[PDB]
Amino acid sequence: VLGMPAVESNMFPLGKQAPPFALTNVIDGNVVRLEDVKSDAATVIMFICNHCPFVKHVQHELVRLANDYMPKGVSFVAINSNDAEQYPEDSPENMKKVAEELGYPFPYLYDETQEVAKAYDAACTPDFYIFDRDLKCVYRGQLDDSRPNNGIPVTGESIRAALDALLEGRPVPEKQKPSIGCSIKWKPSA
């Protein structure tokens, strides 16, 4: 038996408050907090990593999406909770290099204790969350219908539709499907 199976989102509860977080941003070394990303419209939190085919599948769109919506007032934050001792590619130093290479326009924070991933009940990479002006969860799941194995072009449609609804004062579409990807690399149970 080689490798590990992919896992799906755990579907964080709609309406639940975004859990707190105070983590170092590898791009500039600043400690960034939830309060620092609270938005007047929406806050998008993304759990990702550097060596996962499901993340590689969406990396380009993450940048396109953030560039389209950050100017509209939407906040974006990427968090890497993978144990860097098991997966060196997820070390803060490597995270910094990746952010520079891909030109991530949003903070890339490292959650070394994994307490933030557990609080958001993040399960895979990538795992997407959207919270409203009051930091209540209004969307969680996939980026869009595309997957590494289906041929559908990447569009970011699911998140784009949710953000548009939030910016226009309309309810986020009800249909919310789980994301799928590599399991977050948890440290041994303590």
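For every residue, the number given is its place in the sequence shown, counted from 1.
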TODO: Going by the average Cα B-factor in the PDB entry, point out whether 158 to 166 or 31 to 39 comes out higher.
DONE: 31 to 39
Task: Mean Cα B-factor comparison, 97 to 105 or 80 to 88, giving the higher one as deposited - done: 97 to 105
Task: C-alpha B-factor winner, where the candidates are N67, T125, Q142, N150 - done: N150
TODO: Comparing against every modelled residue in the chain, figure out the third that the C-alpha B-factor of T24 lands in (lowest, middle or highest).
DONE: lowest
Open item on the list: Ranking the modelled residues of this chain by C-alpha B-factor as given in the entry, is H51 in the lowest, middle or highest third?
Closed with: highest
Open item on the list: Using only modelled residues of the chain, where does the Cα B factor of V172 rank: lowest third, middle third or highest third?
Closed with: highest
Task: Third of chain Cα B-factors occupied by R133 - done: highest
